[PDB]
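Q: Can you keep this structure in mind? I'll have questions shortly.
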Amino acid sequence: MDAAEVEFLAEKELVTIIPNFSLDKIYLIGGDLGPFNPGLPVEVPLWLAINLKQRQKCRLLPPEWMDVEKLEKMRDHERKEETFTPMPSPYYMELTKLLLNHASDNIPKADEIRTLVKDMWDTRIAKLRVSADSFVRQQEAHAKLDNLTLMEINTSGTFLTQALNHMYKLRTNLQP
Amino acid sequence: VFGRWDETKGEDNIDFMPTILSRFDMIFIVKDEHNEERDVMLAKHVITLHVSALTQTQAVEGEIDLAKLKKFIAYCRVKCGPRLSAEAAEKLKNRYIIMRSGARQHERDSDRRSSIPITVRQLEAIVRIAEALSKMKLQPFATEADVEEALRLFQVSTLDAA
Amino acid sequence: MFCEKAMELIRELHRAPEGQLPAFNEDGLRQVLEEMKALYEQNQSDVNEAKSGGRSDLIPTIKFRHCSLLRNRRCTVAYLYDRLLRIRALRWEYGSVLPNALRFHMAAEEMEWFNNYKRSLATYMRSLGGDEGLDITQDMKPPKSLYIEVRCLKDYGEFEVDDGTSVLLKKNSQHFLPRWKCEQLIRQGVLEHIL
Amino acid sequence: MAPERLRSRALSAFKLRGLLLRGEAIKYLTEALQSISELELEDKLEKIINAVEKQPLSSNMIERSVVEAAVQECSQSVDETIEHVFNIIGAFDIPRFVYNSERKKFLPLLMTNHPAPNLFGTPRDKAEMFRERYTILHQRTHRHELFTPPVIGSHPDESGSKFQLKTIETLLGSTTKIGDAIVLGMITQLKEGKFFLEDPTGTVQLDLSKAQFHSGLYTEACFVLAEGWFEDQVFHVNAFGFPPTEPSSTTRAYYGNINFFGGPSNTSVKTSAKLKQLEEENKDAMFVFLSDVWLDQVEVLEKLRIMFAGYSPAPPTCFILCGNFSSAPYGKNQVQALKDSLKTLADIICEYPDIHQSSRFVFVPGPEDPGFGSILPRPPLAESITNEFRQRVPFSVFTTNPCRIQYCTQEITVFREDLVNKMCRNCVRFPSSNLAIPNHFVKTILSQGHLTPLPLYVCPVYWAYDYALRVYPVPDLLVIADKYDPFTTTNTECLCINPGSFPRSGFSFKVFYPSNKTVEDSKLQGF
Amino acid sequence: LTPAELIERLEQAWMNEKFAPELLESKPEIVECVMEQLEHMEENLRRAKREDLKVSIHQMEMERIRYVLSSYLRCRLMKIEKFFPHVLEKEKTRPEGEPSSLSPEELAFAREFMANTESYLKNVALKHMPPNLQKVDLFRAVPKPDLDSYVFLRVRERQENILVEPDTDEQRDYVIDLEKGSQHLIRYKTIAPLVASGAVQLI
Amino acid sequence: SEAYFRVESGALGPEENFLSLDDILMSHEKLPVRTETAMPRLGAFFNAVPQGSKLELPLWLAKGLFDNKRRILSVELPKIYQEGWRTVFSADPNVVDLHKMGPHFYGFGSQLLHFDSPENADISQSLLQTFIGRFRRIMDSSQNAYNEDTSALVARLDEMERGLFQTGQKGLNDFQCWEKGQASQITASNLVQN
């Protein structure tokens with residue numbers, strides 16, 4: 001699986017937009033959306049939000065968790081804990097990239113938000129590195145990774161799974 | 001020895017010993033041969049070159065920049081070490097025998113040892129010239145064509161020892 | 001040792017990890033098949049000699065040539081199969097009609113296999129729906145935008161957009177067109193997606 | 001049928017196979033398929049898409065011409081065809097293959113660095129002629145049974161079935177008085193009486209005091225296997241022999257069915273099931289061959305009238321008239337006399353309209369006929385001479401000398417030159433009379449693999465077009481038109497024939513039936 | 001099954017087929033339902049007018065859904081081409097009522113692919129072989145899927161006493177409980193029935 | 001997507017993959033043996049090869065000739081799998097050059113267990129501990145060597161470890177292209193070179 005595909009799944013997440021156009025309810029296959037009333041918030045999937053923002057048809061509102069105080073608390077909790085902590089969104093990195101790259105004008109203090117999300121990303125990838133090293137050193141049979149996100153797993157998981165396949169075959173080659 | 005190469009004096013134009021001459025893979029006797037067409041074109045090239053000292057140092061088609069050529073040489077040197085193909089080695093073997101026989105017969109006809117020798121070092125010189133030509137192309141082996149170009153270059157350097 | 005000519009086929013394919021297709025090594029294939037023929041003739045002579053004459057010491061060298069024959073078979077079959085894998089990737093990475101500079105590298109039987117594979121794939125694609133099937137060769141990357149801006153790299157002929165509407169693909173001309181219409185030409189290198 | 005759904009389904013059918021139709025192509029396709037419904041439409045689409053993919057497609061995008069050809073083939077239109085069934089190929093149109101030694105494969109010149117052939121060749125090309133002749137004979141030679149044994153093929157080692165090969169440069173060395181040397185090389189009288197051998201590696205003297213020569217007519221510029229021993233810069237010949245000849249079956253089994261012969265077909269025409277059928281669609285498929293047809297003589301014209309009378313029943317597919325068309329080739333006189341000849345021939349042909357519409361008429365001019373006669377491959381007879389015959393007999397083709405005729409699966413080479421006399425005068429060793437001279441000549445031609453196995457001043461050739469004179473692989477017919485003697489011979493599934501010279505054969509000539517490859521004598525001497 | 005949950009099940013199958021080492025059991029109902037949904041929506045937009053925002057939004061959702069379907073079928077076809085003799089032998093061996101790893105279209109494609117490959121090998125080299133060696137079974141030549149491959153997963157239905165088998169030493173074995181929403185890294189051979197029954201999602 | 005993928009190496013399993021080029025090249029590597037009975041007609045290669053002869057021949061051929069009764073030949077380990085080099089690996093696995101000590105170190109070692117040597121357990125444990133020792137350096141180098149010359153990092157690695165290194169590098173490059181937005185562009189395939 002590619003990072004673009006993980007972004008494709010991340011684009012299904014719901015975000016709130018303020019349209020500058022009028023449109024009645026539209027019945028999409030994945031779920032009806034709207035009605036789109038000018039100047040009023042409406043919740044839509046992230047791909048449609050980014051598309052309308054690109055076409056100058058709405059203002060994006062940040063999610064409730066894109067807040068400097070909340071993100072600082074989450075970052076400090078992540079650095080304080082040893083296990084992966086529950087993240088505000090299951091696709092927080094991709095949400096941050098899309099929303100801040102396309103709507104930094106709408107989202108206040110986007111620099112702080114981006115830096116805090118990067119801090120959490122660095123901490124959690126370091127934790128994943130430690131988990132992989134502990135797995136291979138202790139010859140564990142399985143691991144528990146409850147609060148990892150899909151992008152975090154996808155970044156390093158192909159290498160880790162291939163290495164563990166090799167390790168399993170090496171430790172089991174005396175089967176008779 | 002006499003400033004210009006003097007064809008009447010022959011081998012006296014070279015003062016280098018045979019032992020140090022044998023260590024050179026290729027020896028050019030680059031004579032300056034007068035010719036009006038070459039002289040005209042050369043003078044035009046020189047004058048345009050002197051005029052081109054002001055034109056922003058622009059690059060030329062079908063050419064590698066000096067820095068890029070330098071880095072490419074370093075890359076090819078560290079990466080590729082070629083060898084000779086078997087049939088190419090057979091070709092080089094046969095041509096070496098013919099060349100050595102020619103050198104011996106020339107020395108016998110002159111009744112004087114030639115200044116420039118033809119030895120096993122010259123054989124290995126042809127070998128490593130072919131390997132250099134292959135290393136330009138990052139090929140693990142030197143083909144019969146690479147050995148042919150090596151023989152051509154060494155033949156230019158051997159006409160220069162006739 | 002016997003096997004080295006077969007190993008040259010293997011080393012030829014292993015020295016190109018990028019998946020591009022070298023020229024078919026017809027001469028090497030002929031040589032390894034000739035070697036197998038000679039080995040089999042010797043093995044048959046020796047084995048019938050041993051069995052008819054009651055001579056027992058031949059059996060180790062019988063097994064030697066038998067294993068050598070099986071080795072030759074494994075090498076050539078692996079060579080052909082990996083070439084098939086490289087050829088099969090061309091239909092998806094480039095398209096149906098391969099360029100002649102690449103088609104010159106393929107054997108005639110390889111082109112036969114490729115045409116049969118293309119017909120089977122098109123039959124499978126047609127059978128996925130009631131009418132017109134589903135062209136699964138398209139949509140190779142996730143979709144980002146409904147329309148894209150494309151730039152013509154090759155001086156090229158008229159390209160139909162829809163029925164009477166068409167665009168001339170002259171070099172350096174730049175069009176704004178649907179992604180699903182432009183995907184194949186971008187993958188073939190006729191068009192360059194920009195932004 | 002609904003045009004919108006027909007267009008959508010046709011575009012989808014091509015798209016699923018990975019093909020794009022231009023606007024003209026899809027429009028024409030919808031017009032062609034408008035008369036078809038769902039009981040047949042999809043099968044029709046699959047069939048015509050297969051017909052498209054069979055063609056030499058250069059890209060995924062399809063012009064209207066390709067789909068035109070495809071749907072016309074789907075609609076047949078090839079019934080009782082002459083295209084694909086009978087082709088005349090000029091010598092300049094023959095494909096220029098080159099044998100690559102490292103690949104051990106014949107490559108067309110577009111896939112190589114080789115330049116296009118032209119009359120004003122480079123100094124390299126003059127050498128390239130003989131170098132390529134050696135190359136073809138060399139790769140021919142090393143595939144014979146003389147090749148070295150396989151890995152422990154015999155418990156003691158063997159010297160290549162006692163025919164192990166070497167080049168000249170190898171023996172110029174340590175091999176003095178080695179009693180089993182065999183070398184492939186060209187015979188040359190490099191000094192008068194002091195013959196030499198040459199190959200692409202070098203040269204050596206030939207002491208041919210004993211020849212022990214196999215049957216074949218040896219000349220200067222013949223390539224031979226010289227078997228002997230080397231001493232004092234002299235190769236002491238024990239025996240001379242030509243390289244063994246291949247059948248085309250062997251050559252195409254080795255190299256695949258490459259169309260060495262040329263023409264529209266991508267593969268060798270000898271391997272095609274449809275063409276195998278179309279060859280035998282007429283049981284008496286038949287051709288007629290003549291030479292030196294002196295139509296500046298009233299006698300030749302009147303006897304031609306009688307020959308058309310004799311072959312009014314069962315007329316040929318084509319009459320082949322080889323050159324030296326004139327008693328008196330002596331310039332302006334003969335330019336006008338050949339105009340008169342072709343006017344009278346058109347009169348005669350119109351006096352037999354059944355033969356006019358049943359048979360073609362092709363002309364292969366000789367060295368003495370007007371124009372660039374003296375250098376090969378000769379261009380056709382001058383168009384200003386042909387012009388009235390072009391418009392009055394459209395069923396005719398003036399062509400080069402030599403020319404390559406293809407009839408379905410069979411290969412015919414036509415060449416006008418009096419070459420037996422040239423060969424015997426340039427002979428190095430007067431042959432044994434126990435074998436007839438046309439058999440000697442045909443064996444020499446087939447083994448040397450060339451129509452002109454003689455020096456360049458004996459057989460003037462445009463240097464870059466020397467490949468067109470090459471006889472490789474062996475064809476079905478060698479129509480060597482020569483004054484010497486009309487004859488028929490055979491070797492390596494070829495029938496090598498001479499129609500003679502029509503004024504000197506007593507107006508005898510030859511007939512050929514490709515449906516069974518039989519040859520008959522037009523013995524019409526009292527006609 | 002509402003269409004939103006149909007698309008959700010499609011994406012579940014897409015992920016599971018991405019990360020499973022073997023070819024998973026076919027989902028012909030999902031494929032047919034998504035195909036008819038795409039056909040219906042394309043027909044509706046064909047009826048609608050151009051320069052309309054809702055038409056463009058519906059087209060974008062159609063592009064996303066068709067991408068998921070095309071990628072899922074492409075991955076299944078990759079697995080079929082990679083393991084054609086083994087999936088064909090599995091279909092031959094399949095008991096009645098056991099779900100098939102191949103749709104009818106996929107089965108036809110697999111049979112055509114195997115016949116084409118065998119004929120190619122025959123014509124190119126295997127008729128030229130010695131008489132005893134002209135036959136080779138692709139069931140032995142082509143490798144099998146590696147069911148011991150490690151996979152990430154996320155569970156959707158709680159499981160208990162799942163046996164974790166570290167290596168050939170039986171006495172090192174232990175058992176775990178997969179709590180709802182937890183994520184694990186484990187060999188596929190220990191969780192094949194779970195992913196087949198939908199108890200777990202591979203990630 | 002539908003990109004070309006080589007037949008995967010099965011060298012670490014009970015038997016190697018038939019169609020794997022890597023396994024074929026691995027099994028080509030030579031292996032010392034002692035012949036247990038004289039073999040006629042093979043003196044041209046090493047007329048009979050006498051009994052008790054020491055030979056080095058390919059691993060595929062050793063496996064073919066080897067029957068567990070040890071009737072035709074006895075199979076001996078290469079030096080790199082014997083106790084001294086196992087101790088060298090036990091010292092520090094990161095410094096040994098497994099590219100020079102046979103490019104398919106793990107695959108050759110795993111297939112070397114087929115001959116039922118008395119020290120099969122020691123060989124297996126040495127391979128496992130070597131991989132465990134080298135894993136962390138392989139992981140860090142592959143996942144952190146971004147956009148630079150990887151020659152010095154990849155030089156001392158055997159082919160299996162080189163495959164792992166390329167997997168890690170591919171993941172790193174994919175994520176970096178995503179983060180810098182270059183993953184969104186539709187591009188021509190590698191075959192545009194032609």
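Chain identifiers are assigned as A, B, and so on, following the order in which chains appear in the structure tokens; residues are numbered from 1 within each chain, and ligands are numbered from 1 in order of appearance.
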Using DSSP secondary structure from the backbone, list all strand (DSSP E) positions within segment 22-180 of chain F, as a PyMOL selection string.

A: chain F and resi 30-35+54-58+73-75

Q: Please provide the set of residues having any atom within 10 Å of segment 130-138 of chain B, restricted to only C-alpha atoms, with same-chain residues fewer than 5 positions apart removed, written as a VMD selection string.

A: chain B and resid 72 to 73 75 to 77 79 to 84 88 124 to 125 143 to 151 153

Q: Output N, CA, C and O atoms of each residue in that selection to a file, as a compact mmCIF listing (two decimals), in the first residue's frame.

A:
```txt
# COMPACT_ATOMS: atom_id res chain seq x y z
N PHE B 72 32.21 12.15 -13.61
CA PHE B 72 31.93 10.91 -14.33
C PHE B 72 33.15 10.00 -14.35
O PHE B 72 33.02 8.78 -14.20
N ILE B 73 34.34 10.58 -14.54
CA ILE B 73 35.57 9.79 -14.50
C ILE B 73 35.75 9.16 -13.13
O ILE B 73 36.11 7.98 -13.01
N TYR B 75 33.41 8.42 -10.91
CA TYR B 75 32.39 7.39 -10.74
C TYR B 75 32.77 6.11 -11.48
O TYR B 75 32.70 5.01 -10.92
N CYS B 76 33.18 6.24 -12.74
CA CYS B 76 33.55 5.06 -13.52
C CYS B 76 34.78 4.38 -12.95
O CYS B 76 34.87 3.15 -12.95
N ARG B 77 35.74 5.16 -12.46
CA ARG B 77 36.94 4.59 -11.85
C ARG B 77 36.59 3.74 -10.64
O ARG B 77 37.03 2.59 -10.54
N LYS B 79 33.68 2.48 -9.74
CA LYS B 79 32.63 1.47 -9.89
C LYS B 79 33.08 0.28 -10.74
O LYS B 79 33.06 -0.87 -10.27
N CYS B 80 33.50 0.52 -11.98
CA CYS B 80 33.65 -0.54 -12.98
C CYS B 80 35.11 -0.97 -13.12
O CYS B 80 36.00 -0.13 -13.29
N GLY B 81 35.34 -2.28 -13.03
CA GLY B 81 36.58 -2.89 -13.45
C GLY B 81 36.30 -3.95 -14.51
O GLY B 81 35.78 -5.02 -14.19
N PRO B 82 36.64 -3.71 -15.78
CA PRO B 82 36.35 -4.70 -16.82
C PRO B 82 37.42 -5.79 -16.93
O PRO B 82 38.43 -5.79 -16.23
N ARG B 83 37.15 -6.73 -17.83
CA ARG B 83 38.09 -7.76 -18.25
C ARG B 83 37.97 -7.92 -19.76
O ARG B 83 37.12 -7.30 -20.40
N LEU B 84 38.85 -8.74 -20.33
CA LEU B 84 38.77 -9.08 -21.75
C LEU B 84 37.85 -10.28 -21.96
O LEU B 84 37.86 -11.23 -21.18
N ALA B 88 38.12 -11.93 -27.81
CA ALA B 88 38.87 -10.69 -27.91
C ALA B 88 40.32 -10.89 -27.50
O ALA B 88 41.25 -10.37 -28.14
N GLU B 124 50.20 -5.71 -22.50
CA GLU B 124 49.38 -5.34 -21.36
C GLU B 124 48.86 -3.91 -21.49
O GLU B 124 47.78 -3.60 -20.97
N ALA B 125 49.60 -3.04 -22.16
CA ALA B 125 49.13 -1.69 -22.44
C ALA B 125 47.88 -1.72 -23.30
O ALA B 125 46.91 -1.00 -23.04
N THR B 143 34.86 -5.89 -25.54
CA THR B 143 34.46 -6.65 -26.72
C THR B 143 35.59 -6.66 -27.74
O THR B 143 36.66 -6.06 -27.54
N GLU B 144 35.36 -7.36 -28.85
CA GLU B 144 36.31 -7.33 -29.95
C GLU B 144 36.42 -5.94 -30.54
O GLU B 144 37.48 -5.57 -31.06
N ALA B 145 35.35 -5.15 -30.49
CA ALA B 145 35.41 -3.78 -30.99
C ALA B 145 36.23 -2.88 -30.07
O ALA B 145 36.96 -2.00 -30.54
N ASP B 146 36.12 -3.08 -28.75
CA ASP B 146 36.96 -2.34 -27.82
C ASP B 146 38.43 -2.66 -28.04
O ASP B 146 39.28 -1.76 -28.06
N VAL B 147 38.74 -3.95 -28.22
CA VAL B 147 40.12 -4.34 -28.52
C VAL B 147 40.54 -3.79 -29.87
O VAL B 147 41.71 -3.46 -30.07
N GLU B 148 39.61 -3.69 -30.82
CA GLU B 148 39.95 -3.13 -32.13
C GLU B 148 40.31 -1.65 -32.02
O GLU B 148 41.28 -1.20 -32.64
N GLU B 149 39.55 -0.89 -31.23
CA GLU B 149 39.89 0.52 -31.02
C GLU B 149 41.21 0.65 -30.27
O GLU B 149 42.00 1.56 -30.56
N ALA B 150 41.45 -0.23 -29.30
CA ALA B 150 42.73 -0.23 -28.60
C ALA B 150 43.88 -0.51 -29.56
O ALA B 150 44.93 0.15 -29.51
N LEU B 151 43.70 -1.48 -30.46
CA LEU B 151 44.71 -1.77 -31.47
C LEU B 151 44.91 -0.59 -32.40
O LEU B 151 46.03 -0.31 -32.82
N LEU B 153 44.47 2.66 -31.72
CA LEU B 153 45.23 3.67 -31.00
C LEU B 153 46.69 3.27 -30.85
O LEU B 153 47.60 4.08 -31.08
```

Q: Leaving out segment 8-21 of chain B and any residue of its chain fewer than 3 positions from it, which residues lie within 7 Å of it when counting only C-alpha atoms, given as a CSV table (one decimal) with C-alpha atoms, in the first residue's frame?

A:
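Okay, this is what ended up in out-v9.csv:
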```csv
chain,number,residue,atom,x,y,z
B,1,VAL,CA,66.5,16.1,-29.6
B,2,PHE,CA,66.9,18.5,-32.5
B,5,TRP,CA,61.5,16.1,-35.4
B,24,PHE,CA,55.0,4.2,-21.6
B,114,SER,CA,64.9,0.6,-32.5
B,115,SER,CA,64.6,3.4,-29.9
B,116,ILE,CA,61.0,2.5,-29.0
B,117,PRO,CA,60.7,-1.2,-28.0
```

Q: I need the contact residues of chain C against chain A, so if you could list those with any atom within 8 Å, counting only C-alpha atoms, and return them as a count of residues only, that would help.

A: 3

Q: Env of segment 142-154 of chain D: 12 Å cut, atoms = only C-alpha atoms, seq-sep filter 3 positions within chain, self excluded. Answer as a VMD selection string.

A: (chain C and resid 1 to 5 31 to 43 45 65) or (chain D and resid 104 135 to 139 157 to 166 182 to 184 225 243 to 247 250 to 251 253 to 255) or (chain F and resid 41 to 45 47)

Q: Which residue is closest to chain D? Choose from B:44, B:106, B:128, B:93 and count only C-alpha atoms.

A: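 Using only C-alpha atoms, chain D sits closest to B:93.
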
Q: Using only C-alpha atoms, which residue out of D:106, D:465, D:398, D:86 lies closest to chain C?

A: D:106

Q: Select, as a tab-separated table (two decimals) with N, CA, C and O atoms, in the first residue's frame, those residues of chain A with any atom no more than 9 Å from chain E (distances computed using only C-alpha atoms).

A:
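Result file result_14.tsv:
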```tsv
chain	number	residue	atom	x	y	z
A	1	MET	N	0.85	-1.22	0.00
A	1	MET	CA	0.00	0.00	0.00
A	1	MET	C	0.87	1.25	0.00
A	1	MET	O	1.84	1.34	0.75
A	8	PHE	N	-5.77	8.58	0.38
A	8	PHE	CA	-7.10	8.36	-0.19
A	8	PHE	C	-8.08	7.90	0.88
A	8	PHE	O	-9.23	8.37	0.92
A	9	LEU	N	-7.66	6.99	1.75
A	9	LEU	CA	-8.52	6.62	2.87
A	9	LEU	C	-8.69	7.77	3.85
A	9	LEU	O	-9.79	7.97	4.39
A	23	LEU	N	-26.82	25.09	-2.68
A	23	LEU	CA	-27.05	23.80	-3.31
A	23	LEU	C	-27.87	22.95	-2.36
A	23	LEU	O	-27.55	22.86	-1.17
A	26	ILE	N	-27.45	16.62	-1.84
A	26	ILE	CA	-26.95	15.75	-2.90
A	26	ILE	C	-26.78	14.35	-2.32
A	26	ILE	O	-26.20	14.19	-1.24
A	27	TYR	N	-27.30	13.35	-3.03
A	27	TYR	CA	-27.37	11.98	-2.53
A	27	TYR	C	-26.21	11.19	-3.13
A	27	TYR	O	-26.33	10.59	-4.20
A	28	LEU	N	-25.08	11.19	-2.43
A	28	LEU	CA	-23.93	10.42	-2.85
A	28	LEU	C	-24.08	8.96	-2.42
A	28	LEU	O	-24.86	8.62	-1.52
A	29	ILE	N	-23.32	8.09	-3.09
A	29	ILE	CA	-23.44	6.65	-2.85
A	29	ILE	C	-22.97	6.32	-1.44
A	29	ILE	O	-23.55	5.46	-0.77
A	30	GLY	N	-21.93	7.00	-0.96
A	30	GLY	CA	-21.44	6.78	0.39
A	30	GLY	C	-22.23	7.45	1.49
A	30	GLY	O	-21.93	7.23	2.67
A	31	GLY	N	-23.23	8.26	1.14
A	31	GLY	CA	-24.03	8.98	2.12
A	31	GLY	C	-24.40	10.36	1.63
A	31	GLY	O	-23.56	11.09	1.10
A	47	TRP	N	-12.22	14.99	0.81
A	47	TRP	CA	-11.92	15.18	-0.61
A	47	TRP	C	-12.79	16.28	-1.21
A	47	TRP	O	-12.30	17.14	-1.95
A	48	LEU	N	-14.08	16.28	-0.88
A	48	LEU	CA	-14.97	17.31	-1.39
A	48	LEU	C	-14.63	18.67	-0.80
A	48	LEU	O	-14.71	19.69	-1.49
A	139	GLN	N	12.97	-11.76	19.96
A	139	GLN	CA	12.37	-12.85	19.18
A	139	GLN	C	10.91	-13.07	19.57
A	139	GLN	O	10.46	-14.20	19.77
A	140	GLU	N	10.17	-11.97	19.70
A	140	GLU	CA	8.76	-12.05	20.03
A	140	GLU	C	8.00	-12.73	18.90
A	140	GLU	O	8.42	-12.73	17.74
A	141	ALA	N	6.87	-13.35	19.26
A	141	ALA	CA	6.00	-13.99	18.28
A	141	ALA	C	4.92	-13.06	17.76
A	141	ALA	O	4.45	-13.24	16.63
A	142	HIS	N	4.52	-12.07	18.55
A	142	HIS	CA	3.55	-11.07	18.12
A	142	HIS	C	3.74	-9.82	18.97
A	142	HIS	O	4.37	-9.87	20.03
A	143	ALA	N	3.18	-8.71	18.49
A	143	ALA	CA	3.21	-7.44	19.20
A	143	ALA	C	1.82	-6.82	19.22
A	143	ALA	O	0.93	-7.22	18.47
A	144	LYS	N	1.66	-5.84	20.10
A	144	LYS	CA	0.40	-5.14	20.32
A	144	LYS	C	0.64	-3.65	20.09
A	144	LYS	O	1.49	-3.05	20.76
A	145	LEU	N	-0.11	-3.07	19.16
A	145	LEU	CA	0.17	-1.75	18.60
A	145	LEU	C	-1.10	-0.92	18.52
A	145	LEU	O	-1.41	-0.33	17.48
A	146	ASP	N	-1.83	-0.84	19.64
A	146	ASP	CA	-3.25	-0.50	19.63
A	146	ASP	C	-3.54	0.86	19.00
A	146	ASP	O	-4.46	0.99	18.19
A	147	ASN	N	-2.76	1.88	19.35
A	147	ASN	CA	-3.07	3.26	18.99
A	147	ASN	C	-2.29	3.77	17.78
A	147	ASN	O	-2.30	4.98	17.52
A	148	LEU	N	-1.61	2.90	17.04
A	148	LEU	CA	-0.93	3.33	15.83
A	148	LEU	C	-1.94	3.68	14.74
A	148	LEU	O	-2.99	3.04	14.62
A	150	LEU	N	-2.76	4.42	10.49
A	150	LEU	CA	-2.46	3.65	9.29
A	150	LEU	C	-1.23	4.19	8.57
A	150	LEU	O	-0.44	3.41	8.02
A	153	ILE	N	1.86	2.94	10.47
A	153	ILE	CA	2.12	1.54	10.16
A	153	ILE	C	2.67	1.41	8.74
A	153	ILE	O	3.57	0.60	8.48
A	154	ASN	N	2.12	2.18	7.81
A	154	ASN	CA	2.49	2.03	6.41
A	154	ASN	C	3.91	2.53	6.14
A	154	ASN	O	4.56	2.05	5.20
A	157	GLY	N	6.12	-0.53	7.91
A	157	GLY	CA	5.62	-1.88	8.12
A	157	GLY	C	6.07	-2.89	7.08
A	157	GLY	O	6.21	-4.07	7.40
A	160	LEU	N	9.48	-4.01	8.16
A	160	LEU	CA	9.39	-4.79	9.39
A	160	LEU	C	8.79	-6.16	9.13
A	160	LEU	O	9.30	-7.17	9.64
A	161	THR	N	7.73	-6.23	8.33
A	161	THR	CA	7.11	-7.51	8.04
A	161	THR	C	8.03	-8.42	7.24
A	161	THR	O	8.10	-9.62	7.51
A	162	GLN	N	8.75	-7.87	6.25
A	162	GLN	CA	9.69	-8.70	5.50
A	162	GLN	C	10.81	-9.22	6.40
A	162	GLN	O	11.19	-10.40	6.32
A	164	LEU	N	10.66	-9.75	9.61
A	164	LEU	CA	10.13	-10.76	10.51
A	164	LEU	C	9.82	-12.06	9.78
A	164	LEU	O	9.93	-13.13	10.38
A	165	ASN	N	9.45	-12.00	8.50
A	165	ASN	CA	9.32	-13.23	7.72
A	165	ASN	C	10.66	-13.96	7.64
A	165	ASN	O	10.74	-15.18	7.85
A	168	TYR	N	11.46	-15.45	11.04
A	168	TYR	CA	10.66	-16.63	11.33
A	168	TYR	C	11.21	-17.85	10.61
A	168	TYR	O	11.34	-18.93	11.19
A	169	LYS	N	11.54	-17.69	9.32
A	169	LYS	CA	12.08	-18.83	8.58
A	169	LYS	C	13.45	-19.23	9.10
A	169	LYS	O	13.79	-20.42	9.11
A	171	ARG	N	14.50	-18.98	12.27
A	171	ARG	CA	14.36	-19.66	13.56
A	171	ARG	C	13.57	-20.97	13.47
A	171	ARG	O	13.54	-21.70	14.46
A	172	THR	N	12.93	-21.27	12.33
A	172	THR	CA	12.15	-22.49	12.16
A	172	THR	C	12.75	-23.46	11.14
A	172	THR	O	12.11	-24.47	10.82
A	173	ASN	N	13.97	-23.21	10.65
A	173	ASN	CA	14.52	-24.12	9.63
A	173	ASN	C	15.00	-25.50	10.20
A	173	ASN	O	15.60	-26.24	9.40
A	174	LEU	N	14.77	-25.86	11.47
A	174	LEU	CA	15.10	-27.17	12.03
A	174	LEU	C	13.83	-27.96	12.35
A	174	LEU	O	13.75	-28.64	13.38
A	175	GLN	N	12.83	-27.89	11.49
A	175	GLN	CA	11.52	-28.46	11.80
A	175	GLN	C	11.46	-29.99	11.94
A	175	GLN	O	10.58	-30.47	12.66
A	176	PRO	N	12.34	-30.80	11.29
A	176	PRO	CA	12.11	-32.24	11.53
A	176	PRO	C	12.46	-32.70	12.95
A	176	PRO	O	13.48	-32.32	13.51
```

Q: Could you tell me how far atom CA of residue 66 of chain F lies from atom CA of residue 88 of chain F, in Å and to one decimal?

A: 29.4 Å

Q: Suppose you want the space between atom CA of residue 7 of chain F and atom CA of residue 22 of chain E; what is it in Å?

A: 15.2 Å

Q: Tell me, in Å to one decimal, how far atom CA of residue 427 of chain D is from atom CA of residue 369 of chain D.

A: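 Taking atom CA of residue 427 of chain D as the start and atom CA of residue 369 of chain D as the end point, the length is 27.2 Å.
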
Q: Considering only C-alpha atoms, tabulate each residue of chain F that lies at most 6 Å from chain C along with its nearest interatomic pair and the corresponding distance in Å to one decimal; arrange the rows by chain and ascending residue number and present them as a Markdown table.

A:
```
| residue | atom | partner | partner_atom | distance |
| --- | --- | --- | --- | --- |
| F:3 | CA | C:89 | CA | 5.6 |
| F:4 | CA | C:89 | CA | 5.2 |
| F:19 | CA | C:78 | CA | 4.6 |
| F:39 | CA | C:61 | CA | 5.8 |
| F:64 | CA | C:67 | CA | 5.9 |
| F:187 | CA | C:187 | CA | 6.0 |
| F:188 | CA | C:187 | CA | 4.1 |
| F:189 | CA | C:187 | CA | 5.9 |
```
